[PDB]
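Next up: just one chain, as structure tokens, the form deposited in one PDB entry.
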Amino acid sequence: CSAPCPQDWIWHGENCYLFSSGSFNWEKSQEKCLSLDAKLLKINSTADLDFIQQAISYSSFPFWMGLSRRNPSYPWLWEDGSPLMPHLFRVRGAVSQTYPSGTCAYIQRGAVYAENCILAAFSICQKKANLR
């Protein structure tokens, strides 16, 4: 009857994941996921990080995730307005830099970094799987 995830997505755990086939800025990447009733990558657990790390281990490219902020004294937040759970990962790089478009997190070679949201990167959309 109901398939857990659409074709071309990857079903893992409670979620479905879609890896982009090209690089786009964080805003365009966000809009792609919204149009598919999804959101940008939200890592909720170490299991989620390990899965993503394995999936992107084929790649040296950067992948946008749904974590951002505009002010470096204020918390990183996922698009849904929740914070980065402690003990998942450290955002490396120039975490204190502000940019006109804000600061956004990306994963590259398994490590998470801060960067100018205006840069074009691959991205990963995530939605809940249709489980029972």
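Numbers for residues come from their place in the sequence shown, where the first is 1. Each form is matched to the other, and the largest set of C-alpha atoms that superpose within 1.5 Å is called the rigid core.
Undergrad: Got a sec? Mean C-alpha B-factor, which is higher, 90-98 or 59-67?
TA: Averaged over C-alpha atoms, the B-factors run higher in 90-98.
Undergrad: Hey, which bit's got the bigger mean C-alpha B factor in the entry, 80-88 or 34-42?
TA: Looking at the recorded C-alpha B-factors, 80-88 comes out higher on average.
Undergrad: Which third of the chain does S29 land in by C-alpha B-factor: lowest, middle or highest?
TA: Answer is lowest: the recorded C-alpha B-factor places it there.
The discussion below concerns the form deposited in another entry, not included here.
Undergrad: For the list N44, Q53, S59, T98, which one shows a CA move of 2 Å or more between this form and the one not shown after the core is fit?
TA: With the rigid core superposed, the residue that stands out is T98.
Undergrad: Closer or farther: how do the Cα atoms of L119 and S96 compare in the other form versus the shown form, where the change is at least 3 Å?
TA: Compared with the form shown here, the C-alpha atoms of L119 and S96 sit closer together in the other form, by 3 Å or more.
Undergrad: Answer with closer or farther for the CA-CA spacing of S96 and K28 in the other form compared to the shown form; it moves by 3 Å or more.
TA: Compared with the form shown here, the C-alpha atoms of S96 and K28 sit closer together in the other form, by 3 Å or more.
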